[PDB]
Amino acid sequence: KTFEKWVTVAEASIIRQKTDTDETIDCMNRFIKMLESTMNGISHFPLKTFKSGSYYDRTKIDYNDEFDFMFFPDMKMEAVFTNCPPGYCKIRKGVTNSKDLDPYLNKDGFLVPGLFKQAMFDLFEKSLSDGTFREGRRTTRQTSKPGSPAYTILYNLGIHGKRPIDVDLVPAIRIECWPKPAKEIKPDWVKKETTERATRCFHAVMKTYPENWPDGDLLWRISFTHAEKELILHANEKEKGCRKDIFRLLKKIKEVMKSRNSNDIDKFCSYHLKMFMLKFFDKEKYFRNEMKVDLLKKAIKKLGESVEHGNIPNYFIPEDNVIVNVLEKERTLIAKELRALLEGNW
């Protein structure tokens, strides 16, 4: 047994999962289109959606990779960043004569996450039960983590041999600029126009800030889901090498590592890998297909070192440490497990 050997099997299994990919994306495209149409007949304010996840940015490693749909009011809003911890913001009304969100504003005019969450979750539940959405009968609510931005369901397509699709419904606010505290990214590995599209907007979602903070109940998480989607989807745009292959293999490594350590890796997730990966894409200039396995080795090594050091920067806001909440016991276990993979002991 070697690392190279484990990599070969990992690649074959990733490819095996690619069967029924196009058929699945069309079921899920129909799903979200009908759900949005049902929701816009119930909500007292119009909504739009944004679709993301590994099926849409083409880094899918398993049929059951999840689908993320954000739902956001179709009106102008504004994000504020003063007195906010890195990676978080507050939300207020922009230039808009709409009073549709007024009942979710506190005395000072801030959109209150827990009030807007409860209204959006109530809307989701009503829409998935509604009679104009025949697919909602195939849906059922799944447990999510406390404070999660997502209403998580299982969508049973009825495919024998395949478990239901994991779907996150994420209430969100769309802000149509780049966040003031965010780095002006200029990756050299996508075209200038792709970076232009990636930085067109961001979204704010109601992940609860986990630490003590005055008015912390007013904090929203800055979400770069749109920009992340643009850059990952188009990562082979210029060189056409193994950039997305290395990302896919790192996600597989994480999935197997979690399966090797049932409840001891509950915080490390693909989002942390994505932030790590984007920074690796900047540091590493060359990604020839023939370099694949060696660059994966160097990526595993820098990742282990990052996790041990305990800091992986948010690619768009470098002072946001996205693994701050990953505790030492888990970080120590991750690095030890990455060392054992490289040495052929998996």
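One rule holds for the numbers: they count along the sequence shown, beginning at 1.
As listed in the deposited structure, the average C-alpha B-factor of 90-98 and of 250-258 is greater for 90-98. Look at the C-alpha B-factors of 319-327 and of 14-22. On average they run higher in 14-22. As recorded in the PDB entry, 211 shows the highest C-alpha B-factor of the residues 168, 211, 125, 230. The PDB entry gives the largest Cα B-factor of the residues 204, 273, 157, 150 to 157. Sort the chain's modelled residues by C-alpha temperature factor and residue 118 lands in the middle third, per the entry.
Ranked by Cα temperature factor within the chain, residue 142 sits in the middle third according to the deposited record. The PDB entry assigns residue 305 a C-alpha temperature factor belonging to the middle third of its chain's modelled residues. The PDB entry assigns residue 290 a C-alpha temperature factor belonging to the highest third of its chain's modelled residues. Placement of the Cα temperature factor of residue 284 within the chain: middle third of the modelled residues, per the deposited record.
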